[PDB]
Amino acid sequence: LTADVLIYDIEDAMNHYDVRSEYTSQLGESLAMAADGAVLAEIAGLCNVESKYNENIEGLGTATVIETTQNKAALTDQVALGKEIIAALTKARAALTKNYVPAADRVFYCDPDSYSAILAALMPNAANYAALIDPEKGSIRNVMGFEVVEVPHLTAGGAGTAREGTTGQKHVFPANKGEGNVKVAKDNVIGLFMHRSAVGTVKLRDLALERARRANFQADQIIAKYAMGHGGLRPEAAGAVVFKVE
Amino acid sequence: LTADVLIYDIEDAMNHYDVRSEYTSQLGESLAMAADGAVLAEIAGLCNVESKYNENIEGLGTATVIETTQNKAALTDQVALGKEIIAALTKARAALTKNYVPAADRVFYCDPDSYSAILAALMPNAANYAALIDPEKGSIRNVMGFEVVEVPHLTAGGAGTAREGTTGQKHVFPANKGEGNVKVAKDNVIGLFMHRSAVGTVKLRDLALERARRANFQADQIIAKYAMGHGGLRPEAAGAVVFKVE
Amino acid sequence: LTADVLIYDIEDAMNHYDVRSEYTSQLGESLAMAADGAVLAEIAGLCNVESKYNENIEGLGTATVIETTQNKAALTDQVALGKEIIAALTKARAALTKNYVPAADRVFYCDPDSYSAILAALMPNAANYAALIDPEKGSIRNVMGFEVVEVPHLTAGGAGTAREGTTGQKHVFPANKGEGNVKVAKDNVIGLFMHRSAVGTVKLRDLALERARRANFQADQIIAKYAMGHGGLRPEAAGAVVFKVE
Amino acid sequence: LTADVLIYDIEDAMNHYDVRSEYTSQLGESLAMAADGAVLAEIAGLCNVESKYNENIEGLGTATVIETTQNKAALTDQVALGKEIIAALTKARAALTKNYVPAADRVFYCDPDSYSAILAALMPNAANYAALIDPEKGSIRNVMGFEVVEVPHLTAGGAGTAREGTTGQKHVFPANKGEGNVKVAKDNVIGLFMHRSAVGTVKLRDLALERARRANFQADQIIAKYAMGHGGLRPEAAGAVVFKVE
Amino acid sequence: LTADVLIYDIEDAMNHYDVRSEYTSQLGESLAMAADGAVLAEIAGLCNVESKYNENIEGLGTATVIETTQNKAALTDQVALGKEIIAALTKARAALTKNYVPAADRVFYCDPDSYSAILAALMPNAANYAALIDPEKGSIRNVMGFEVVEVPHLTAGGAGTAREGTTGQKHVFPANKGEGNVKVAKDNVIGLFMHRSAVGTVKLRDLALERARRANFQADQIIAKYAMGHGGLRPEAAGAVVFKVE
Amino acid sequence: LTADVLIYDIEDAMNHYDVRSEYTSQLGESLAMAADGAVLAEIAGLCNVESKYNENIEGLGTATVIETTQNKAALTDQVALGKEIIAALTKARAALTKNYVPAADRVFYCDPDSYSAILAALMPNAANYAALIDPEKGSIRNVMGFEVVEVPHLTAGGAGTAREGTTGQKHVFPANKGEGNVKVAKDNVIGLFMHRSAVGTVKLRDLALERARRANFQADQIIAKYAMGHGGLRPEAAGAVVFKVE
Amino acid sequence: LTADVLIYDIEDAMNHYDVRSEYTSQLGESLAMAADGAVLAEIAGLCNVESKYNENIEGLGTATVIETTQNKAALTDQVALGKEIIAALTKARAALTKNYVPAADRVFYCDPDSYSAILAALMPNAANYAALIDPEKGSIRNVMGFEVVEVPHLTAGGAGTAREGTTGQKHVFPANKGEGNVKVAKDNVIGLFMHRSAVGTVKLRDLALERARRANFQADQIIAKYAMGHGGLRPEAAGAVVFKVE
């Protein structure tokens, strides 16, 4: 997928990497029951702690530029570097959001709640007032500052449907601009999920651990490359994405 | 039920506890008739005074840690304490608002008028302009500063119905925020009553006597607990709720 | 009737009492009719002056509190005094507004114009734009600062009917609050008249002469009261209401 | 008719009286017709000048005040004087506007255009947008600053019909206040004409020539009045009204 | 026709008169066509020039004043002069706008485009949004500052139809005032054309060449006039109107 | 076509002409793919560079002026020059926008995306919200400052359809004025394309290379022209238009 | 009854009164025990505690004395007060012991065991050695210090029967003196019960709560009393008697 890096910006970042990142989170809950008198029927059950590991898989790829074109056009190298970096940053976006990446990178799907929902097409085909009740459910211990993810098409369709004006979203504004749903900002990214927003904010949904990003490496010294000058400029993806629970 | 402690905040608090709280209120009213001339057929009565008692039931329910995990992870204890307290403070809410609690706590229902209304599902399924007439009726003897209790779903549905804008309540605002009905603030708590608001304000509706709240107690010294280090951390619910009349 | 003393507040007050109040007002009008030149046939008479008298009759109704409960609860006396005074101030309201009082108070009806209108139910059952024409008629010789009297039910119905918003009166506000009709404030009192407002302002409509109000008297010394301590606390109403003409 | 002197205020005033007022106005107009070359058949016509006379009829009608009441109540004289003056100033209004006066004063009717329209009840019963076209017609040779005369009832009905708000006139205001029709101020006087406003402004419509107004005269010296002290206080109307043309 | 001189004010004026005005304008246009290569079949054409003549007609007509009335009333002469001038200035308006004139003056019709449209009644009876597209078509070469001519009736009807308010034109204002259509000012003149506005602005539509206007001439010296003093005051119309093309 | 030169103004201009203009742009892009480990299946590619050529052909055509009219009217020559220049600048517009030109100039069609769309009539006949999604799609890599091209008819129809007011475009304004669509300015040119706007801004869509424009040449010296004085003034078009890709 | 207050003296006295006397006594109890090694157990048992209610009723009997005798004899008042106080203290004795009271006092009967024995005349007519075995039955659990109640007649009869001497009781003493049965003191009160003594001592048999005793009130201010001086002095009994069980 190729667009603006919008999900990563709101996505929580963690380093802690020697080779890779390590984080510790809680699971489960301590619950209660009893009555008046002495004695009572009473039972136990404590919380649990997890330590999860997050690996980074490389999504490389090469580009073989000849010495003749490299010497004839000096600009064609800098344009190649400037393009290949965005192309794989968007390849990272595919992993960061929820898509399929042509380069062999991490392939996960939609932002999870406290649960990983199964990817399924909805019988009713509309995104509407369900975005109002979600960060509203996000008001128990649940902290707001959410982000309802919607596709530019549904954002144009939501602009098409009845709002304050005949145009505009929940905030009366054109699509893919300063996007905003009810009581919080909206994220407009193409080719994504068309369903009710997941429970829990940034911290619960998506986390991005980064060692680095796609690094370029050109090697003029390869058995066939050195004589021709047909040097191989190589993008090499780094930094991973995680879709957390609890 | 698990949500924000919204009803208790507006709910009136009383201490006076040696072991438990004691309060005195009046019942009924004295009224008499007369005519012009002499003599008249005049009969008159008295007002009665009541002294009601409020007991606190315990909603315990332990949780069994293990020495190994307690030593391996130091954080698992403080997190357990901090989550079990919310778990039973929300269990108190279930009693405070009107719900069923898994722990054997005080199980009452809806906020009463000068009368306890029978819990029944309405034939017309809508919460609307009835919130106008209630604190309006709350103007004869009655002081306002009321609190119309509405479910997040009906508050989203009331946002859906015709108001000032296409969304927003009686005060044009997204649900589960700074909620407000006509002339006074609204309370948004999930899984509650869907009917006309009760007569009489906070003082008449709900009162909450508190000795304390859910207190934690860990005992490493039990037969199976001391050798294994499998200590039992125990939530113990305290403080009660009342739904007053007159 | 029982509510807030709203009509008495706007109602004009007169003392002048030795035993009772005395006021002097004018009746009738002088007129003319002539032609040109001489001689003419022209004749008319004088204006008249009245001196009306307003008496006050006691609205009684005892309450016999026992010495035992008096010594048991010291509060039950002050609560009785603070309840019986409101009970008869509202009994006065019934006379002041237009209702039927249980106690022996002066029973009159609706606020009069320059005429006493006969109490009759309207064939058209609505209170609406008729409040616009009335103090409008009170703009010739007459002065405004009127008070259209409406029942909370019709005020909720007037809120229900088409206005600036979907709710609100002639001034967009919930009923039984700071009530206001067109170009002047509204009075919301339950169980009153449902018709066009009377001509003439406060001075012409209702006047309230007061010596005092309901005075409490407890006598422990009665042949059966001194023994049991079953003291009889008796509310006795004072101050009268008049519905004036011209 | 009895109301505020509203028509006289806008009505043009003329004195010039030795015994009565005299004014000179023009009648008719001169026109022209001809074609090219010579010689042509062309006819002639002159303008005419008129000198009209305006007489003032009286409006007497005594009030026989007894010496006993005059001495017992000193106030009854000043009240009589201050009331009989208004009673006949309103009688002048009846003549000034268009009404039948119980006094044998000047009895004329509706404000004329450049023509005196016959008093007839309209088949369509409404006063509406016709008040827009009238001083709009008064924009050619004519000057604005008009006054559409409407009855309080129709002005409440015009408030009842579709305007800017659900209430208010062409200017959104309650009737009998600071009344205003389209582009100019409205006059609200009861019991008047319900038709399209006349052509021509104040100068063309109504003129009020005044020597004086209703003058009071009391004579204690009449054959029966001197002995009884039954003196006759007598109003005497003065100043006339005219409804002009051209 | 008799109204305010509104069309002449915006109408362009030309003098240049020795006896009458002379102006030079262009007709037709020269175009070009070709093909790729050599040689090509290419035809040629010229632009033409015209010198048009505009004559002035005399719309006279006399007014016969008797010596007796001339001496009895001195004001009748100045009034006659002051009326007859407006009478024939409005007679000129009939020619200037598009009407029939009693005094045989120049009788032309509606403002022309680059073409003289045939005077015909429209099948659809409405003047509306077509006034928007006309000076919008006047945006290619065409400079705006146009003048959509509409009848006071259609202006009141256009006020009646749906606009910003329930009244007012394309600019929300009452008829025959500071009239304005879309983008530019409107002209309100009675008894004129009810159709789409002509193409081209003031310079293309109407031009008014003026030597003078209606000149008054009184001759006491006529064979029957000298003895009677029955002198003949005579309006004599001057200055003509033209409805141009190209 | 004949209108205002609106597309050329926003259209990007390039000189660089010796005889004609030369520009260099890049085609295609170089991508990447691979996985973790060693070794991996990995392929390479290159970006291509183009050097396109843009010629200019003359859209000529003559105009024959006779010596007699040239001497009789001096103005007819300057008028001919002033008309024929606009005639062929509008003929250039036909090429610059997308039309058919009478003189054989360069005939191309609609503004291209990164692709040349086939000229076809739409099954749904409307231009609406699709103008919002286009420079919205141009918010990723693409820069805004776009120009949605619409026909005055569809601009009047877009004014006719539901907007902020009953009239006006996406910006509430009349057609053929200061035209503006959503988030950017609109171009109103007659007889153009009725479809979704092309991807890419000015630089990607249309480029106009100019050596000059239509140059006039008059030759009095031709075998038949010299004796008659029937000189031939001939428009000869210059400067070309290109509809770019990538 | 009328004699010496003997039963009340030995009877246990309590207060605790607000208006009523409230005492707390145990109706038995249940307790348990636990063990160690490990291994703690919970104790089971509900404390059987009662809280009983006792109300005091007034015994009355007015006596009216004239002003003349009050002034003639000053001593008659102090004698009356001294006579009436003993009269009702002996009337209280009737309630305290077991008799019938002429005044409206609490009417109970014989001292109960752990049971209320039915008042019945014995077939054998004698009171003898049964008084020995009764506090001897009160030697297992029970503590002595008892009081065998006997009538002066049976005391004289018990003196008459075989003892140490020919006269004297179980302790050789004449009737109505320092009375004593076997092991413990006797009580001589006339008109009481002739049967075996009840089980349980003072605490189990009778308890005497006292708010006060018979209070005297004289009111010279009664409608018939003030003029005559025939003041009414009325005894009003206070303080009740309880006959306990368990």
# chains A, B, ... in the order shown; residues from 1 in each chain; ligands from 1
$ residues_around --residues "residue 97 in chain A" --least-positions-apart "3" --cutoff "9 Å" --atoms "only C-alpha atoms" --output "PyMOL selection string"
chain A and resi 6-8+92-94+108-111+189+192+206+241
$ write_last_selection --atoms "N, CA and C atoms" --output "compact mmCIF listing (two decimals), in the first residue's frame"
# COMPACT_ATOMS: atom_id res chain seq x y z
N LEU A 6 0.32 7.65 8.31
CA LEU A 6 -0.61 8.25 9.27
C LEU A 6 -0.84 7.39 10.52
N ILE A 7 -0.90 6.07 10.34
CA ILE A 7 -1.12 5.14 11.44
C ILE A 7 0.11 5.04 12.36
N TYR A 8 1.30 5.04 11.77
CA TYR A 8 2.55 4.97 12.53
C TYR A 8 2.76 6.18 13.44
N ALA A 92 6.21 -0.70 4.69
CA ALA A 92 6.12 -0.80 6.14
C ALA A 92 4.72 -0.42 6.62
N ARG A 93 4.15 0.62 6.00
CA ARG A 93 2.78 1.06 6.27
C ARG A 93 1.77 -0.07 6.10
N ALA A 94 1.94 -0.84 5.02
CA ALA A 94 1.11 -2.01 4.75
C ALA A 94 1.08 -2.96 5.94
N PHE A 108 0.58 -8.78 9.08
CA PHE A 108 -0.49 -8.89 10.06
C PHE A 108 -1.73 -8.15 9.55
N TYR A 109 -2.81 -8.19 10.33
CA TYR A 109 -4.05 -7.49 9.95
C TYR A 109 -4.57 -6.49 10.99
N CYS A 110 -5.88 -6.23 10.94
CA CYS A 110 -6.54 -5.11 11.62
C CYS A 110 -6.17 -4.86 13.08
N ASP A 111 -6.27 -3.59 13.49
CA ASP A 111 -6.03 -3.18 14.87
C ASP A 111 -6.93 -3.96 15.84
N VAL A 189 -6.89 6.20 5.58
CA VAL A 189 -5.91 5.39 4.86
C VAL A 189 -6.61 4.38 3.94
N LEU A 192 -8.12 -0.23 3.66
CA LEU A 192 -8.13 -0.76 5.02
C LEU A 192 -9.50 -1.27 5.48
N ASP A 206 -2.13 -0.86 18.50
CA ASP A 206 -0.91 -1.07 17.72
C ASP A 206 0.31 -0.46 18.41
N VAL A 241 6.32 -4.09 13.40
CA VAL A 241 5.02 -3.67 13.92
C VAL A 241 4.40 -4.79 14.76
$ select_by_dssp --residues "range 18-72 of chain F" --states "strand (DSSP E)" --output "JSON, numbers by chain"
{"F": [21, 22, 23, 24, 25, 26, 27, 48, 49, 50, 51, 52, 53, 54, 63, 64]}
$ write_last_selection --atoms "N, CA, C and O atoms" --output "PDB file, in the first residue's frame"
ATOM      1  N   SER F  21      10.906  23.251 -28.614  1.00  0.00           N
ATOM      2  CA  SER F  21      11.246  22.961 -27.221  1.00  0.00           C
ATOM      3  C   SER F  21      11.690  21.517 -26.990  1.00  0.00           C
ATOM      4  O   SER F  21      11.238  20.598 -27.677  1.00  0.00           O
ATOM      5  N   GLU F  22      12.577  21.338 -26.013  1.00  0.00           N
ATOM      6  CA  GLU F  22      13.057  20.020 -25.605  1.00  0.00           C
ATOM      7  C   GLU F  22      13.036  19.890 -24.083  1.00  0.00           C
ATOM      8  O   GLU F  22      13.540  20.762 -23.371  1.00  0.00           O
ATOM      9  N   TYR F  23      12.448  18.799 -23.596  1.00  0.00           N
ATOM     10  CA  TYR F  23      12.355  18.542 -22.159  1.00  0.00           C
ATOM     11  C   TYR F  23      12.688  17.088 -21.822  1.00  0.00           C
ATOM     12  O   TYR F  23      12.472  16.187 -22.635  1.00  0.00           O
ATOM     13  N   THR F  24      13.213  16.874 -20.618  1.00  0.00           N
ATOM     14  CA  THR F  24      13.566  15.535 -20.147  1.00  0.00           C
ATOM     15  C   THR F  24      12.811  15.174 -18.871  1.00  0.00           C
ATOM     16  O   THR F  24      12.828  15.926 -17.892  1.00  0.00           O
ATOM     17  N   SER F  25      12.148  14.021 -18.896  1.00  0.00           N
ATOM     18  CA  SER F  25      11.418  13.507 -17.739  1.00  0.00           C
ATOM     19  C   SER F  25      11.709  12.021 -17.531  1.00  0.00           C
ATOM     20  O   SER F  25      12.124  11.326 -18.462  1.00  0.00           O
ATOM     21  N   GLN F  26      11.495  11.544 -16.308  1.00  0.00           N
ATOM     22  CA  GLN F  26      11.747  10.143 -15.967  1.00  0.00           C
ATOM     23  C   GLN F  26      10.502   9.270 -16.121  1.00  0.00           C
ATOM     24  O   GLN F  26       9.389   9.694 -15.797  1.00  0.00           O
ATOM     25  N   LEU F  27      10.700   8.055 -16.629  1.00  0.00           N
ATOM     26  CA  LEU F  27       9.628   7.065 -16.723  1.00  0.00           C
ATOM     27  C   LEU F  27       9.869   5.925 -15.742  1.00  0.00           C
ATOM     28  O   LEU F  27      11.015   5.562 -15.464  1.00  0.00           O
ATOM     29  N   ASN F  48      13.871   4.459 -16.174  1.00  0.00           N
ATOM     30  CA  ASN F  48      14.148   4.947 -17.523  1.00  0.00           C
ATOM     31  C   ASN F  48      13.954   6.459 -17.645  1.00  0.00           C
ATOM     32  O   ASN F  48      13.184   7.055 -16.890  1.00  0.00           O
ATOM     33  N   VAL F  49      14.661   7.071 -18.594  1.00  0.00           N
ATOM     34  CA  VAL F  49      14.568   8.515 -18.832  1.00  0.00           C
ATOM     35  C   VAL F  49      14.248   8.818 -20.304  1.00  0.00           C
ATOM     36  O   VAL F  49      14.865   8.256 -21.212  1.00  0.00           O
ATOM     37  N   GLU F  50      13.268   9.694 -20.524  1.00  0.00           N
ATOM     38  CA  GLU F  50      12.838  10.056 -21.878  1.00  0.00           C
ATOM     39  C   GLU F  50      13.185  11.497 -22.246  1.00  0.00           C
ATOM     40  O   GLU F  50      13.291  12.366 -21.377  1.00  0.00           O
ATOM     41  N   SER F  51      13.365  11.731 -23.542  1.00  0.00           N
ATOM     42  CA  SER F  51      13.593  13.067 -24.082  1.00  0.00           C
ATOM     43  C   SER F  51      12.615  13.316 -25.229  1.00  0.00           C
ATOM     44  O   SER F  51      12.899  12.989 -26.385  1.00  0.00           O
ATOM     45  N   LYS F  52      11.460  13.888 -24.895  1.00  0.00           N
ATOM     46  CA  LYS F  52      10.386  14.093 -25.866  1.00  0.00           C
ATOM     47  C   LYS F  52      10.507  15.413 -26.626  1.00  0.00           C
ATOM     48  O   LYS F  52      11.062  16.392 -26.119  1.00  0.00           O
ATOM     49  N   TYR F  53       9.971  15.418 -27.844  1.00  0.00           N
ATOM     50  CA  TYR F  53      10.034  16.567 -28.745  1.00  0.00           C
ATOM     51  C   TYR F  53       8.639  17.134 -29.005  1.00  0.00           C
ATOM     52  O   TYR F  53       7.685  16.383 -29.220  1.00  0.00           O
ATOM     53  N   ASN F  54       8.534  18.461 -28.986  1.00  0.00           N
ATOM     54  CA  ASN F  54       7.262  19.145 -29.208  1.00  0.00           C
ATOM     55  C   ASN F  54       7.341  20.181 -30.327  1.00  0.00           C
ATOM     56  O   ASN F  54       7.961  21.235 -30.168  1.00  0.00           O
ATOM     57  N   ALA F  63      -7.026  37.351 -44.877  1.00  0.00           N
ATOM     58  CA  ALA F  63      -8.107  38.333 -44.879  1.00  0.00           C
ATOM     59  C   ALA F  63      -7.788  39.409 -45.913  1.00  0.00           C
ATOM     60  O   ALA F  63      -6.763  40.089 -45.812  1.00  0.00           O
ATOM     61  N   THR F  64      -8.661  39.559 -46.907  1.00  0.00           N
ATOM     62  CA  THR F  64      -8.406  40.479 -48.016  1.00  0.00           C
ATOM     63  C   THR F  64      -9.048  41.857 -47.808  1.00  0.00           C
ATOM     64  O   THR F  64     -10.271  41.983 -47.712  1.00  0.00           O
TER      65      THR F  64
END
$ atom_distance --atom1 "CA of residue 10 in chain E" --atom2 "CA of residue 159 in chain E"
23.6 Å
$ closest_atom_pairs --of "chain F" --to "chain A" --cutoff "10 Å" --atoms "only C-alpha atoms" --output "tab-separated table"
residue	atom	partner	partner_atom	distance
F:26	CA	A:76	CA	9.0
F:29	CA	A:83	CA	7.8
F:30	CA	A:63	CA	6.4
F:31	CA	A:84	CA	6.5
F:32	CA	A:61	CA	3.6
F:33	CA	A:103	CA	3.9
F:34	CA	A:60	CA	4.4
F:35	CA	A:104	CA	5.0
F:36	CA	A:58	CA	5.2
F:37	CA	A:58	CA	8.6
F:40	CA	A:60	CA	9.4
F:41	CA	A:61	CA	9.1
F:42	CA	A:61	CA	6.0
F:43	CA	A:62	CA	6.0
F:44	CA	A:63	CA	4.2
F:45	CA	A:63	CA	4.7
F:46	CA	A:65	CA	6.1
F:47	CA	A:80	CA	7.9
F:48	CA	A:76	CA	9.2
F:49	CA	A:76	CA	9.0
F:129	CA	A:160	CA	8.0
F:130	CA	A:156	CA	9.0
F:132	CA	A:174	CA	7.2
F:133	CA	A:175	CA	7.2
F:135	CA	A:176	CA	9.7
F:136	CA	A:176	CA	6.0
F:137	CA	A:176	CA	7.8
F:138	CA	A:176	CA	9.6
F:139	CA	A:176	CA	7.5
F:140	CA	A:4	CA	5.5
F:141	CA	A:3	CA	7.5
F:162	CA	A:166	CA	7.5
F:163	CA	A:166	CA	6.9
F:164	CA	A:165	CA	7.4
F:170	CA	A:167	CA	9.7
F:182	CA	A:174	CA	8.1
F:183	CA	A:174	CA	8.3
$ residues_around --residues "residue 212 in chain C" --least-positions-apart "5" --cutoff "9 Å" --atoms "only C-alpha atoms" --output "compact mmCIF listing (two decimals) with N, CA, C and O atoms, in the first residue's frame"
# COMPACT_ATOMS: atom_id res chain seq x y z
N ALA C 237 -55.02 30.35 60.02
CA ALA C 237 -54.65 31.23 58.91
C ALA C 237 -55.01 32.70 59.13
O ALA C 237 -55.99 33.02 59.80
N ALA C 238 -54.20 33.58 58.54
CA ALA C 238 -54.42 35.03 58.59
C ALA C 238 -54.03 35.67 57.26
O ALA C 238 -53.30 35.08 56.46
N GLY C 239 -54.52 36.89 57.03
CA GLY C 239 -54.28 37.60 55.77
C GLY C 239 -55.20 37.12 54.67
O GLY C 239 -55.41 35.92 54.50
N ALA C 240 -55.74 38.07 53.90
CA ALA C 240 -56.75 37.74 52.89
C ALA C 240 -56.35 38.11 51.46
O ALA C 240 -55.35 38.79 51.23
$ atom_distance --atom1 "CA of residue 90 in chain E" --atom2 "CA of residue 217 in chain E"
18.7 Å
